[PDB]
Each structure stands twice: as C-alpha cells, then as structure tokens.
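Heads up, the chain below is alone and in the form deposited in one PDB entry; it's given as structure tokens.
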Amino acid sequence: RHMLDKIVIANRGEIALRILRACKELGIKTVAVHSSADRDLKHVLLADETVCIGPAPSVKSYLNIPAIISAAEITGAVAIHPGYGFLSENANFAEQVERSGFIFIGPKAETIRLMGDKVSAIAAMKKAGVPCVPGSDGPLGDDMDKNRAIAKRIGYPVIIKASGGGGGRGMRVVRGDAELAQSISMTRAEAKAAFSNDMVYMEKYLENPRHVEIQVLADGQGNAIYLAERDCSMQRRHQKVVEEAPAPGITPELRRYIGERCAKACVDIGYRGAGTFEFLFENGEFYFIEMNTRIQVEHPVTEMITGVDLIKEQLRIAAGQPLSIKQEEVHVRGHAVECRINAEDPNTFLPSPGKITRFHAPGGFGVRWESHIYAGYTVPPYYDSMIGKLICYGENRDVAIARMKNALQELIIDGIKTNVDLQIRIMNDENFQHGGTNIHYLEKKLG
C-alpha cells in the first residue's frame, strides 16, 4: 500500500515526539520544524531533518504559516501534521496547506470551519440526529423581549456562549432576567475582542454534568467508526488534569447509542481523520457541546482500551488508505487512566519553567510514559505548562488506579515545580476511587 514519503511535524514537545514515533513505525521520513528555543527537544534530536522556523515566541514559529509551509517545500515533505493546539483547528492554515499542494493531516478545511463555528456546528449535529443542549438554535439578536422569551422556553439557568469561542472560553452563566441583557452584552464584547466575531447563542445551563467525549475515525473511503468514550471531568478552570477510558457508569447499550450517532454525523458532514465529539453527560443523557477536529491530548487512554494506534490511523487515512479496523473489530477491553504532568506551581497554578536537574521515568506492566523531558532539559517559558503524560492500564479501573499510584511514586522530576503531588492526591481521593465525579469536583476539593 502507498504511504506518505516525508512529513513536517508542525508541533513541539510530547505530541511532536508522539507523532515522530508513529512516523518511524510506518517508515515515514520526518521533518522537525522548531523555534530557536526548541533545538534540544527530544523529537528534534531524533528527526531525519530539522528546520529552525523562527525565534521563541509562537507567533514567529509555531503559528508562522509561511515559515511552516516553506519548510515543507524546502525539505520536499508531502504532508503536515499539526498535532493539537497551535494551528490544528486553524481553517485558514488548512486551506493554505491544501492550496500549496501539501496534505493536511486532518479534516477538509471546510469541515474545520463548519465545526469551528459553534452555532453552525450545533445545527449540523441536531440535523444528523446527535443529541444537543436545548438552546436558541441560532444566533441571538438585540431584541431583549425575544431573548427573555428564549430564556423562558429553555428554563433558567442559561448560558450565553460565543459562536467563535470554545473549550470553556467565551461564556457566561445567567440565572434570571435581571442579569440577561448585561450578560449577553458582555459576552458579545468579549467575543468581538477575542475572536473578531460578536455572534452569541443561548444554551440551557447544566448544573452538575460529567464531561464525556466520543473518539471517532473516518477515512476517505466512506468508513466512519467510534472508539468508545473518555471521561475528562477531573478538571480545573477548563484545564483537564485526569482523563480516563472507558467512562465509569457507561453501559455497552449507552456506548452503542451515542457512538453510532457520532459515526453517522461523520458520514453526513463528510468528516475525515481523527475527531472528538464532546458532550456533557447528566442524568443518563448526552448533550453535544462541540467537536474537536484534531487529535486530542488524552488520545492514549483510548489507544490502551482498544489497541488502536490513533496517530498511525491519521497517517494511513492521509496517505489514502482505509481504516485498519472495522467497527465490529473495535472492542473495549480493561481500563486506562491518564495523569497530565505539568511544570506548574501548586499555589498559583501558573507555569513553572526551568531546568530539570534529575529525571526518572516509571516502568512496569500497563505503564505508558508520553514525554520529551530528560535530565538536563530546560522547560521553556514561551509555551504551555504540560511536560508529560503518565498513562496506566489495567484489566479493570481498580488495577489502572493502583498502577498509577505506583507509577507516580517512581516519577522523579527535580529542579522545577510539578503537579505530581496533586496527581497522587487525586488517585488517593475516595470520590475519584468510587468514580463518576462531575466537572466541578476538583475545584470543590481544592477550594
């Protein structure tokens, strides 16, 4: 079968190393594009070719569209993998890659635009039969009588959300008519300033939901499959801390119900590659909020429970190959837990950059370590706080948690502040040990 000869890894850190490994397993030549502050990245040191695309600030490196495309052209690369974050959900970038004759390892640019606009995305999901949060089902105008009527029909509390927003950014809870006009007005102003798009919509506000998300894969040959779910509720201020697969309390019947709807939605929108349907789960019911049109950070928990290498599937799809597995070949087996490891201060939660003086990774049966860090490595201040991901699998949830506790005790990261101690606390939490804690749990636990 035909495979991509050479690709540009348009990312950094752990995800860039994750992509480099998948490339090497498939015999794909790698081009590591990097900022001047990232010359010592583990994947840069393992890459077949390297191109320094600019200085440390992301604007002149990882978000630098001409420099990334120019690197693909000079090295003779055929495709670009955007990873997560940066330009991965940037439709202009995907269009420019397509326009320049290189393969964008993701969905069509118009699919990114469709799902990136939250109002259009909900309408497409509702039409496809995916359950959505009751809401305005269209943008809000300036007629406050019409806005009060939508709030009445939905039932308070409600949430005002930016169509150009996403991932908890660009939203405001409204509990009564008195706060409605000002809340809409503030959300609009914030959205205009942040996204240069003042469009807002209204949604029913769910008080105690769980964040449950469905993993999908769709090829260019008409196949679209669901790879169970992940529970990503263990979060703080919209930042995921712990993710797990499958989600506790989800039955095979409920898994089948939601998964089939997501797979059908892929067919209807002509989805291609890896994707994630994010839902709020409350009182046995799923409610769509948004679709992630790229690989997710927490993808490894899905890989452990299904045996499917999601990055290798992305590369295969992009090369024009069919999905390597059929739906009937996707089986949920055992349980996996992921602890994100951050170079962060436990009091401020702010990134804690610096030089790692001593480093030791955990090992053992069911223990997977996803990280670019090594002894002597300097965590730069220019980017996000995540330095690694510790993933533990077991035949059941109890075994996965037991292995995580042991793995966190072997993990040594000196010279910088980390959330390792917090991760140990979460694993020891009696409510986490029972499972099914909602999205507000971690914040309530911390204070």
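When you see a residue number, it is the position in the sequence shown, counting from 1.
The same protein also has a form deposited in another entry, omitted here; what follows describes it.
- Task: Choose from 190, 221, 149, 133 the one placed at the hinge of the motion between this form and the one not shown, with one rigid part turning against the other.
- Result: The residue sitting at the hinge is 133.
- Query: Out of closer and farther, which fits the Cα atoms of residue 145 and residue 289 in the other form compared with this form, where the change is 3 Å or more?
  - Reply: Between the C-alphas of residue 289 and residue 145, the gap widens in the other form (3 Å or more compared with this form).
- Since the Cα separation of residue 159 and residue 276 moves by 3 Å or more in the other form, tell me which way: closer or farther than here. Farther, not closer.
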